[PDB]
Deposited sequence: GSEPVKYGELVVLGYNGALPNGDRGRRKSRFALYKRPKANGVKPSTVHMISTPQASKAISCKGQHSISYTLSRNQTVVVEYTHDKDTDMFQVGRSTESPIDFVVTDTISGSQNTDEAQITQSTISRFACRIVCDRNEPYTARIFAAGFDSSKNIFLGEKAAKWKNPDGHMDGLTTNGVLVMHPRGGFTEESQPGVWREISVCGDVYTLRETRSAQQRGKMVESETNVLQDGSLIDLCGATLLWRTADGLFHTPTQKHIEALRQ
């Protein structure tokens, strides 16, 4: 206290085996805000919203829906990825020629700055343009609340361990909704919405980042 939210542990072995999440000096959380329809040149490589975070839902090579994300005084955000760029809080790598399946900016853990300091997981992380890019191939749709949501290329999966049956892996979307697993990992296909489950991380939750599995432990 410095309030500790919890701990991420890399199963099977800054780049460390263990990452403590602490309440930040200043809130860095973000929340969805204004939605923009933007025209993009064929050569577009990055989109950025001046002074803000954003998620880009690519509709075609000509147009992208850009959801602006503004300051959230009530949360802290932590990012996990294979990238060593400054937006990544916790660097994770895969557990002659080597390949990685882990995304540069893989996920966000977002923690309430006030009691009970609930932690929640979201697929994807914001890059150095403070942007998350969902390309034409990525699954994207409008949810029952009318907001745009999407899956990353490979997905972020979570299992809360376990009347009756043992824990099941679910896919988490970019906006933190819960879906059943796709038919195959990386399938160009979205699973079934699980309305009765949430992206709240419970003690002992496993997070599959496609190349590494993390364990969340509440403080």
Problem set entry | Missing CA stretches, deposited numbering from 1, N-terminus first | 1-2, 16-25, 108-117, 185-189, 247-263
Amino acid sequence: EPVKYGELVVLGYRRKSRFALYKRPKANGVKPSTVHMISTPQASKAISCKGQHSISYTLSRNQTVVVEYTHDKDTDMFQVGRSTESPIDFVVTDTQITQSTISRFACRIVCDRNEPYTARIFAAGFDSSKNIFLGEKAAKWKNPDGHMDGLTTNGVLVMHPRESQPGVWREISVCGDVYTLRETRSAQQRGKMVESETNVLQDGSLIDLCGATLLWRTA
From here on, numbers count along this sequence of modelled residues.
Exercise. Which has higher Cα B-factors on average according to the PDB entry: 108-116 or 122-130?
Worked result: 108-116
Seminar exercise, completed: Comparing mean C-alpha B factor in the record for 200-208 and 14-22, the higher one is 14-22
Problem set entry | Candidate set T101, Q96, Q79, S83 [ranked by C-alpha B-factor, highest] | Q96
Seminar exercise, completed: One of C175, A43, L181, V30 has the largest Cα B-factor in the entry, namely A43
Seminar exercise, completed: Entry-reported C-alpha B-factor of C49 relative to its chain, by third, is highest
For this session: Using the B-factors in the PDB entry, rank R185's C-alpha atom against the chain and give the third, lowest, middle or highest.
Result: middle
For this session: Taking the values exactly as deposited, rank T58 by C-alpha B-factor within its chain and report the matching third: lowest, middle or highest.
Result: middle
Exercise. Going by the entry, which third of its chain does the Cα temperature factor of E68 land in?
Worked result: middle
For this session: Check where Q165 lands among this chain's C-alpha B-factors and tell me if it's the lowest, middle or highest third.
Result: highest
